[PDB]
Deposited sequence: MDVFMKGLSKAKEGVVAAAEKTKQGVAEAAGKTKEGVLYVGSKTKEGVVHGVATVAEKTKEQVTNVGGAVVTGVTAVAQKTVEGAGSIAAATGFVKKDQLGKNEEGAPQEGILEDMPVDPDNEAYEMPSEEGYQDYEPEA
């Protein structure tokens, strides 16, 4: 799990939201009469009513994520 990024050197961004009674569920784990529940989050969970990402990377940007699940 190797990530790399390098940058060498030698307008209008409009979002308009007009909602009414907005119900958002990002990650849900619902049950009844269980014995074991695991919610293993290792990435990126973004939840919103107006979820906006503008100009996220303009240079060197790297993300390295790793998640495991071993029960044996």
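- According to the record, C-alpha coordinates are lacking for deposited residues 1-14, 25-35, 98-140.
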